[PDB]
Every structure is written in C-alpha cells, then in structure tokens.
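*Asks:* Dropping the structure in here first, questions after.
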Amino acid sequence: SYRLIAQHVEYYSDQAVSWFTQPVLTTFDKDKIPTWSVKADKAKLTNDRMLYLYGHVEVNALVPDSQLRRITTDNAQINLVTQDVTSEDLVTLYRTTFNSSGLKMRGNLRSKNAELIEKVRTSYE
Amino acid sequence: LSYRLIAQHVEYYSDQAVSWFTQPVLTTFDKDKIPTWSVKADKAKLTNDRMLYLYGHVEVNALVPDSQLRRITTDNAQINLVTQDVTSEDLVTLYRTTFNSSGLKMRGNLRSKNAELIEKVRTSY
C-alpha cells in the first residue's frame with residue numbers, strides 16, 4: 001500500500017513504462033500510517049511493478065518506532081509487490097545507534113531490515 | 001492501439017488504482033502507429049478500467065490532414081483508452097472541414113473519427 005507523487009510524468013502505451021520527474025513515494029501500513037518516504041531525481045516504473053530510482057535516492061522512516069532512520073544512495077531498486085529494496089552502488093545507512101558505509105545493499109520495507117554486502121565501515125570502529 | 005500520456009503533476013493511489021493528472025496531454029495512435037489525435041485538459045483522472053475522465057477546457061485536436069472532424073471542445077469529457085470511445089455530457093462544439101456545430105451532449109469514436117451531437121444542434125450551415 002503506497003502513494004506516488006511526482007512533478008511531470010510520461011507514459012508510453014506500447015512499452016508499459018512510466019517516467020517520473022522528482023518522485024516522492026510514501027508507503028502506508030495496515031492501520032494506514034505513513035511509514036517510509038522514498039524520493040529521487042528521476043524514477044522509472046515497469047508493468048511488473050519494479051521501481052527504478054535514479055539520482056540522489058533518499059529513504060526516510062516516518063515512524064518513530066524504527067531503528068533504521070535513513071538510507072542514502074545514488075541508484076536504487078524497489079519491488080512494489082515483495083517490498084524488497086536493492087542497490088548496486090555505494091550505500092550509507094543511518095540507524096539510531098550507529099551509521100554504516102559499504103558497497104551493495106539488500107533490504108525490505110515491511111521487515112524494516114537492511115544489509116550491506118561489501119567493504120562495511122561503521123561509525124563506532 | 002497505442003497512446004502516449006504526458007502531465008506536469010501526478011498523484012497515484014495504489015488502494016484504488018486511480019491517479020490524478022495536472023495539465024495532461026494525451027496522444028492516440030491508429031492501426032498504423034500514426035499519431036492521430038491530441039487531447040488536452042486542465043485535470044484528469046485515470047481508473048484501472050483504463051477510463052480517463054477529463055475536467056476543464058477539454059480540447060481534442062486532429063494530428064493528420066485526412067479527417068473531416070478537426071477539433072472537439074467541451075468543459076468535461078470521458079475517453080476509453082482501449083476502445084477509444086469518447087463522450088461528453090456538457091455543451092460541446094464540433095469543428096469539421098464541412099461545417100462547425102454546437103450542441104448538448106456528445107458521443108464519438110476517435111479510431112473511426114466519428115462524432116455525433118445529441119441535442120440542441122446549432123450548425124455553421
């Protein structure tokens with residue numbers, strides 16, 4: 001369950017693809033409270049419900065009861081069905097207890113977890 | 001039959017599969033992938049059934065020379081993006097190579113380039 005606001009959009013029938021300028025996604029839970037806020041410079045949405053996010057990707061927790069507060073990266077990928085989140089770029093995770101840097105990232109918006117794959121550096125080391 | 005959809009602002013709600021457009025411009029294509037019609041309005045709503053409701057200064061323009069119907073003008077209109085059937089329940093104006101007409105209500109199809117007024121007809125003839 002989500003809401004998608006963008007300035008500008010282009011839809012092409014034969015490709016079933018939507019191009020968004022300055023998208024701002026907002027995800028809602030079961031009681032319908034805003035939980036996550038995803039934004040980027042440009043986004044591409046395919047018919048199988050993949051959302052490709054491009055340039056200055058920023059994920060923000062909108063609920064106080066989540067240990068993971070912010071994800072920042074250059075490019076990201078969201079599957080709107082399984083709520084999964086991946087990235088192939090350099091990623092920064094902001095949690096309440098520490099911050100992380102590393103290459104590659106795999107997480108989920110429902111389970112509120114996020115992992116880094118390679119070259120992990122943490123702000124408490 | 002292909003269509004292209006361009007807008008300056010967009011709001012999507014996944015719970016109803018509706019989306020609101022600001023300043024939309026719709027291009028429709030014929031059998032041969034040739035842009036045939038251009039549709040502009042102030043605001044539009046797109047349902048999951050692929051019905052598009054247009055509100056405010058609706059204007060359908062012809063993009064090809066071989067067409068008797070040149071322009072439609074009405075306050076609000078409804079288009080089916082699959083069948084290309086077109087309706088209005090407001091005051092409508094039809095511009096043709098033959099003559100121009102005004103009337104109340106309208107019923108047409110953009111693929112076959114047909115358009116009829118229903119009541120209160122006033123022609124250029």
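By order of appearance in the structure tokens: chains A, B, ..., then residues from 1 within every chain, and ligands from 1 in the order shown.
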Can you tell me which residues surround residue 24 in chain B at a distance of at most 7 Å, considering only C-alpha atoms, apart from same-chain residues fewer than 2 positions away, and format the answer as a list in words?

*Replies:*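 Returned residues: residues 6, 7, 8, 21, 22, 26, 40, 41, 42, 43 and 44 of chain B.
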
*Asks:* Store the residues of this selection in a file with N, CA, C and O atoms, as a JSON list (two decimals), in the first residue's frame.

*Replies:*
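New file out_34.json:
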```
[["chain", "number", "residue", "atom", "x", "y", "z"],
["B", 6, "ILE", "N", 1.24, 12.51, -21.17],
["B", 6, "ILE", "CA", 2.18, 13.45, -20.59],
["B", 6, "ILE", "C", 1.44, 14.39, -19.62],
["B", 6, "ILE", "O", 0.34, 14.84, -19.92],
["B", 7, "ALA", "N", 2.04, 14.64, -18.46],
["B", 7, "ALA", "CA", 1.44, 15.53, -17.46],
["B", 7, "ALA", "C", 2.50, 16.26, -16.64],
["B", 7, "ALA", "O", 3.64, 15.81, -16.56],
["B", 8, "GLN", "N", 2.11, 17.39, -16.04],
["B", 8, "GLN", "CA", 3.04, 18.22, -15.27],
["B", 8, "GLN", "C", 3.11, 17.84, -13.79],
["B", 8, "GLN", "O", 4.10, 18.14, -13.12],
["B", 21, "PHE", "N", -3.97, 13.58, -12.76],
["B", 21, "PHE", "CA", -3.03, 14.34, -13.58],
["B", 21, "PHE", "C", -3.38, 15.83, -13.60],
["B", 21, "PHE", "O", -4.55, 16.20, -13.58],
["B", 22, "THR", "N", -2.35, 16.66, -13.64],
["B", 22, "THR", "CA", -2.50, 18.11, -13.84],
["B", 22, "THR", "C", -1.88, 18.50, -15.18],
["B", 22, "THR", "O", -0.72, 18.16, -15.47],
["B", 26, "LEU", "N", -2.69, 13.95, -24.01],
["B", 26, "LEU", "CA", -2.78, 12.58, -24.48],
["B", 26, "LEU", "C", -2.68, 12.50, -26.00],
["B", 26, "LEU", "O", -3.37, 13.22, -26.72],
["B", 40, "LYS", "N", -6.00, 17.64, -24.71],
["B", 40, "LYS", "CA", -5.54, 18.41, -23.55],
["B", 40, "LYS", "C", -6.70, 18.84, -22.66],
["B", 40, "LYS", "O", -7.78, 19.17, -23.15],
["B", 41, "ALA", "N", -6.46, 18.83, -21.35],
["B", 41, "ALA", "CA", -7.42, 19.32, -20.35],
["B", 41, "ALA", "C", -6.66, 19.86, -19.13],
["B", 41, "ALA", "O", -5.44, 19.70, -19.04],
["B", 42, "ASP", "N", -7.37, 20.51, -18.21],
["B", 42, "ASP", "CA", -6.75, 21.08, -17.01],
["B", 42, "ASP", "C", -6.40, 20.00, -16.00],
["B", 42, "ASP", "O", -5.32, 20.02, -15.41],
["B", 43, "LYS", "N", -7.32, 19.05, -15.81],
["B", 43, "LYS", "CA", -7.17, 17.98, -14.84],
["B", 43, "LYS", "C", -7.76, 16.70, -15.40],
["B", 43, "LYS", "O", -8.73, 16.73, -16.16],
["B", 44, "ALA", "N", -7.17, 15.56, -15.04],
["B", 44, "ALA", "CA", -7.69, 14.26, -15.47],
["B", 44, "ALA", "C", -7.50, 13.15, -14.43],
["B", 44, "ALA", "O", -6.56, 13.17, -13.64]]
```

*Asks:* Find the residues of chain B in contact range of chain A, meaning any atom within 12 Å when counting only C-alpha atoms, and list them as number ranges by chain.

*Replies:* B: 1-29, 33, 50, 81-82

*Asks:* When you draw a straight line from CA of residue 121 in chain A to CA of residue 50 in chain A, how long is it in Å?

*Replies:*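 Result for CA of residue 121 in chain A versus CA of residue 50 in chain A: 29.5 Å, one decimal.
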
*Asks:* Hey, what's within 6 Å of residue 93 in chain B if we count only C-alpha atoms and toss same-chain stuff fewer than 4 positions away? As an NGL selection string, please?

*Replies:* :B and (72-73 or 101-102)

*Asks:* With N, CA and C atoms kept, could you save the residues just selected as an mmCIF file, in the first residue's frame?

*Replies:*
```
data_model
loop_
_atom_site.group_PDB
_atom_site.id
_atom_site.type_symbol
_atom_site.label_atom_id
_atom_site.label_comp_id
_atom_site.auth_asym_id
_atom_site.auth_seq_id
_atom_site.Cartn_x
_atom_site.Cartn_y
_atom_site.Cartn_z
ATOM 1 N N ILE B 72 -12.614 18.991 -31.255
ATOM 2 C CA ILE B 72 -13.713 18.949 -30.287
ATOM 3 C C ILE B 72 -13.368 19.827 -29.091
ATOM 4 N N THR B 73 -14.359 20.566 -28.610
ATOM 5 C CA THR B 73 -14.201 21.457 -27.468
ATOM 6 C C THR B 73 -15.390 21.296 -26.534
ATOM 7 N N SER B 101 -20.397 22.832 -35.624
ATOM 8 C CA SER B 101 -21.651 22.604 -34.915
ATOM 9 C C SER B 101 -21.487 22.727 -33.407
ATOM 10 N N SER B 102 -22.552 23.178 -32.749
ATOM 11 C CA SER B 102 -22.657 23.162 -31.290
ATOM 12 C C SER B 102 -23.909 22.407 -30.863
#
```

*Asks:* Just want the 9 Å neighbourhood of range 94-103 of chain A, counted on only C-alpha atoms, with same-chain residues fewer than 2 positions away dropped. Output as a list in words.

*Replies:*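 Non-adjacent residues within range: residues 66, 67, 68, 69, 70, 71, 72, 87, 88, 89, 90, 91, 92, 105, 116, 117, 118, 119, 120, 121, 122, 123 and 124 of chain A.
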
*Asks:* If you run DSSP on this backbone, which residues of range 44-91 of chain A come out as strand (DSSP E), and could you give them as a PyMOL selection string?

*Replies:* chain A and resi 44-45+50-61+68-79+84-91

*Asks:* Selection from above, C-alpha atoms, as a PDB file, in the first residue's frame, can you write it?

*Replies:*
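Just written: selection-v3.pdb:
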```
ATOM      1  CA  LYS A  44      11.133   4.528 -13.946  1.00  0.00           C
ATOM      2  CA  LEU A  45       8.150   2.225 -13.344  1.00  0.00           C
ATOM      3  CA  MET A  50       9.580  -2.640 -10.385  1.00  0.00           C
ATOM      4  CA  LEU A  51      10.559   0.916  -9.473  1.00  0.00           C
ATOM      5  CA  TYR A  52      13.994   2.033 -10.663  1.00  0.00           C
ATOM      6  CA  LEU A  53      15.176   5.140  -8.796  1.00  0.00           C
ATOM      7  CA  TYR A  54      17.868   7.414 -10.231  1.00  0.00           C
ATOM      8  CA  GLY A  55      19.961  10.191  -8.696  1.00  0.00           C
ATOM      9  CA  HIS A  56      20.041  11.281  -5.041  1.00  0.00           C
ATOM     10  CA  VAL A  57      17.952   8.390  -3.697  1.00  0.00           C
ATOM     11  CA  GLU A  58      16.842   9.002  -0.113  1.00  0.00           C
ATOM     12  CA  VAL A  59      14.737   6.709   2.090  1.00  0.00           C
ATOM     13  CA  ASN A  60      13.299   8.102   5.334  1.00  0.00           C
ATOM     14  CA  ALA A  61      11.454   6.496   8.228  1.00  0.00           C
ATOM     15  CA  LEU A  68      16.693   2.314  10.693  1.00  0.00           C
ATOM     16  CA  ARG A  69      16.150   6.042  10.057  1.00  0.00           C
ATOM     17  CA  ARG A  70      17.558   6.771   6.594  1.00  0.00           C
ATOM     18  CA  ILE A  71      19.110   5.100   3.553  1.00  0.00           C
ATOM     19  CA  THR A  72      21.121   7.193   1.066  1.00  0.00           C
ATOM     20  CA  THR A  73      22.496   6.099  -2.321  1.00  0.00           C
ATOM     21  CA  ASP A  74      22.783   7.152  -5.997  1.00  0.00           C
ATOM     22  CA  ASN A  75      20.568   4.461  -7.577  1.00  0.00           C
ATOM     23  CA  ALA A  76      18.091   2.038  -6.015  1.00  0.00           C
ATOM     24  CA  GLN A  77      15.513  -0.590  -6.981  1.00  0.00           C
ATOM     25  CA  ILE A  78      12.179  -1.378  -5.277  1.00  0.00           C
ATOM     26  CA  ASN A  79       9.890  -4.323  -5.961  1.00  0.00           C
ATOM     27  CA  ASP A  84      12.266  -5.520  -1.318  1.00  0.00           C
ATOM     28  CA  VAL A  85      14.992  -2.887  -1.756  1.00  0.00           C
ATOM     29  CA  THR A  86      18.319  -3.370  -3.536  1.00  0.00           C
ATOM     30  CA  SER A  87      21.224  -1.204  -4.712  1.00  0.00           C
ATOM     31  CA  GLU A  88      24.446  -1.871  -6.619  1.00  0.00           C
ATOM     32  CA  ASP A  89      26.098   1.409  -5.571  1.00  0.00           C
ATOM     33  CA  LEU A  90      27.893   2.813  -2.525  1.00  0.00           C
ATOM     34  CA  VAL A  91      25.295   2.999   0.249  1.00  0.00           C
TER      35      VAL A  91
END
```
